[PDB]
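To start, the structure under review is shown below, and the notes come after it.
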Amino acid sequence: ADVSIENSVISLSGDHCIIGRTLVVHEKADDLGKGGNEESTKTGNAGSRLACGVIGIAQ
Amino acid sequence: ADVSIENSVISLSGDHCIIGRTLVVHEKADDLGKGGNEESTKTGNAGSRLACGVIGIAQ
Amino acid sequence: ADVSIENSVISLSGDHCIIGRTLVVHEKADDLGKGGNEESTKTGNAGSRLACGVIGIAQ
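Protein chains in written order, with the entry's author numbering: chain C, 95 to 153; chain B, 95 to 153; chain A, 95 to 153.
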């Protein structure tokens with residue numbers, strides 16, 4: 095029960111909640127990606143990663 | 095139960111909540127990404143990462 | 095129950111809440127990103143990260 099924090103970065107967040115009766119979403123997209131290069135070295139992913147997309151409802 | 099904080103950065107946040115009866119969203123996008131380069135080295139992701147997108151409702 | 099804070103940065107926030115009966119959102123976007131470079135080294139993400147987007151309703 096001894097914590098030692100140093101030259102480091104820490105971030106938290108609380109709990110999000112949306113409570114409704116009706117949820118509607120309309121979307122039109124026309125020209126999103128037009129030759130966008132992308133590089134990645136030693137990255138690792140555990141959630142939802144995406145380039146040039148249209149989600150609709152992300153959680 | 096001894097905490098030691100040093101040359102470090104710490105951030106928190108509380109709980110967000112939206113309570114409604116009706117939720118509507120309209121969206122038109124035309125030209126978002128037009129040759130945007132992107133580099134990443136030793137990044138790691140655990141949430142929702144995206145380049146050049148249209149979400150609609152992000153949580 | 096001994097806390098030791100030093101040459102460090104700490105930030106908090108309370109709880110946000112929106113309570114309504116009707117929630118409407120209209121959006122038109124035309125030209126957002128036009129060759130915006132982006133670099134990242136040793137970053138790490140746990141929430142919602144995005145470049146050149148149109149959210150609609152972010153939480």
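Cβ atoms here follow ideal geometry from the backbone N, Cα and C, with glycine treated the same way.
For residue j and residue i, the rounded distance between their alpha carbons
i, j, result
"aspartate 96 (chain C)", "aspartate 96 (chain B)", "5 Å"
"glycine 150 (chain C)", "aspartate 124 (chain C)", "15 Å"
"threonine 116 (chain B)", "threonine 116 (chain C)", "5 Å"
"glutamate 132 (chain C)", "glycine 138 (chain A)", "17 Å"
"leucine 126 (chain C)", "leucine 126 (chain A)", "10 Å"
"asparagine 101 (chain A)", "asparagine 101 (chain B)", "5 Å"
Counted within 10 angstroms of its Cβ, other Cβ atoms place residue i as buried (16 or more) or exposed
i, result
"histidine 120 (chain C)", "exposed"
"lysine 136 (chain A)", "exposed"
"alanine 152 (chain B)", "buried"
"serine 98 (chain C)", "exposed"
"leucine 106 (chain A)", "exposed"
Under 8 Å between C-beta atoms of residue i and residue j
i, j, result
"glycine 147 (chain A)", "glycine 147 (chain B)", "yes"
"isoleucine 104 (chain C)", "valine 103 (chain B)", "yes"
"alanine 140 (chain B)", "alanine 140 (chain C)", "yes"
"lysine 128 (chain B)", "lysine 122 (chain A)", "no"
"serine 142 (chain B)", "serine 142 (chain A)", "yes"
Under 9 Å by beta carbon: chain D residues contacting residue i
i, result
"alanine 95 (chain A)", "Of the protein chains in the structure, C, B and A, none is chain D."
*Validate contact between the stretch 100-117 of chain A and the stretch 106-116 of chain B using beta carbons, cut 8 Å, 3 pairs*: yes
*asked:* Just to confirm the assignment: which complete beta strand (DSSP E) runs, minimum length 3, are found wholly within the stretch 111-153 of chain B?
replied: 122-125, 142-145
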